[PDB]
Amino acid sequence: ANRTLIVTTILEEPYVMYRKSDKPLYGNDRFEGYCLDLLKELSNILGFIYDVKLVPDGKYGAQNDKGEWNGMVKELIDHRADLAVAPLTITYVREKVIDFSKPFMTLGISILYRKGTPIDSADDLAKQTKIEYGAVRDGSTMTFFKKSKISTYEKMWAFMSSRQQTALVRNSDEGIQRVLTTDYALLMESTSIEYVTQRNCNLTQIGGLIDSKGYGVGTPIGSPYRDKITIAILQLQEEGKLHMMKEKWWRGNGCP
Ligand SMILES: N[C@@H](C[C@]1(C(=O)O)C[C@H]2OC[C@@H](O)[C@@H](O)[C@H]2O1)C(=O)O
């Protein structure tokens with residue numbers, strides 16, 4: 001039989017979550033979410049089974065000064081996993097070092113905050129000195145700011161960098177808690193903002209989307225699976241399955 005594929009992934013609602021249970025769960029049964037459903041669909045089309053493994057360092061992936069990567073991206077570069085199935089953003093810097101499938105979802109960076117402030121945009125957020133802000137450490141949102149040549153965003157990066165210990169958060173859970181408990185706004189992808197703001201009515205998006213991009217399945221460069229995964233994604237796209245999966249996992253209007 002075909003070798004069982006190793007899938008690197010990361011906890012991120014509603015893509016990859018621990019299934020609720022009255023008893024201990026093991027293996028792939030521990031997890032549920034959009035990305036688990038995506039894997040069930042892709043694996044049917046391609047003819048494989050798979051082992052879901054959370055990325056040990058809990059990061060999506062960014063490169064340091066020497067060009068050393070971490071996170072799921074490093075797992076692929078180092079051939080520790082066959083696929084990364086996650087809300088993994090397709091970017092120029094990543095595409096140079098791994099092979100992404102075509103996108104299964106699109107999104108853009110925006111701002112998550114609490115209600116009641118006059119802040120209406122990134123410009124407003126960067127200018128004011130009352131609220132802290134930042135991004136998840138070593139993901140694509142952080143990298144967007146790090147790489148930006150747009151003045152407002154360059155300033156925002158300098159700010160995050162100067163306060164990195166608190167401005168750059170471990171993961172989206174800590175980021176959201178920071179928003180709820182302190183005067184902090186989180187730079188976050190719009191699909192996650194849509195999910196959280198329909199569930200916690202104390203939270204809101206600020207401004208519009210500041211970029212536009214997609215999530216793709218990651219594979220190591222030269223992978224014999226990337227092209228088959230792309231073809232499978234297009235099938236699911238065209239058949240309306242991706243849309244159905246989004247509807248299934250996004251709770252729909254819970255807040256005014
Ligand atoms: N999708 C990103 C990771 C991340 C981000 O950098 O914004 C972290 C996590 O943060 C919350 C929300 O944006 C979610 O999609 C996740 O995106 C990536 O591939 O690096």
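Conventions we followed
- Residues numbered from 1 in each chain as written, not as in the entry; some residues may be left out.
- Heavy atoms only, no water.
- Residues with missing side-chain atoms left out of burial classes, pairs and counts.
- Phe/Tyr/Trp six-rings, centres within 6.5 Å; stacked < 30°, edge-to-face > 60°.
- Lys NZ or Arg CZ within 6 Å of the ring centre and 35° of its normal.
- Patch = residues over 30% accessible without salt bridge, like charges linked within 9 Å, V, L, I, M, F, W, Y side chains within 5 Å.
- Areas by Shrake-Rupley, 256 points an atom, 1.4 Å probe, with all protein chains shown as cover.
- Salt bridge = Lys/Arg side-chain N within 4 Å of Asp/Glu carboxyl O.
- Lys, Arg positive; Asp, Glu negative; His and termini not counted.
- Charge placed at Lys NZ, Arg CZ, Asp CG, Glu CD.
- Helix = DSSP H or I, 4+ residues; strand = E, 2+ residues; numbered from the N terminus.
- Expected span 1.5 Å × (residues − 1).
- Buried < 20%, exposed > 50% of the residue type's maximum accessible area, 1.4 Å probe, protein only.
- Arc of directions from axis to C-beta.
- Contact = heavy atoms within 4.5 Å.

In the PDB archive, X-ray crystallography is given as the structure determination method for this entry, at a resolution of 1.50 Å.

**Quick look at the packing of aromatic side chains**
This structure, assessed with the given rule, holds 13 aromatic pairs. Aromatic rings pair up to connect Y15, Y34, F104, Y195, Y215 and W250 into one cluster. The aromatic ring of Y184 is capped on one face by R178, whose charged end is 5.6 Å from the ring centroid. Positioned over the ring face of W250 is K246, at 5.2 Å from the centre of the ring.

**Some points on a positive patch on the surface**
Together, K96, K146, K147 and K149 make up a region of like positive charge exposed at the surface. Structurally, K147 is set in helix 5 (residues 140–147).

**With respect to helix 6 (residues 151–162)**
Across its 12 residues, helix 6 extends 16 Å between first and last C-alpha, which sits within 8% of the 16 Å expected from 1.5 Å per residue. Among the residues of helix 6, those classed as buried are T152, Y153, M156, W157, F159 and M160. Along helix 6, the residues classed as buried sweep out an arc of 160 degrees about the axis, all on the same side. The exposed residues of helix 6 that point more than 90 degrees off its buried face are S151 and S162. Next to the buried residues of helix 6 lie helix 4 (122–127), strand 9 (132–136), helix 5, helix 7 (164–167), strand 10 (168–169) and strand 11 (184–189).

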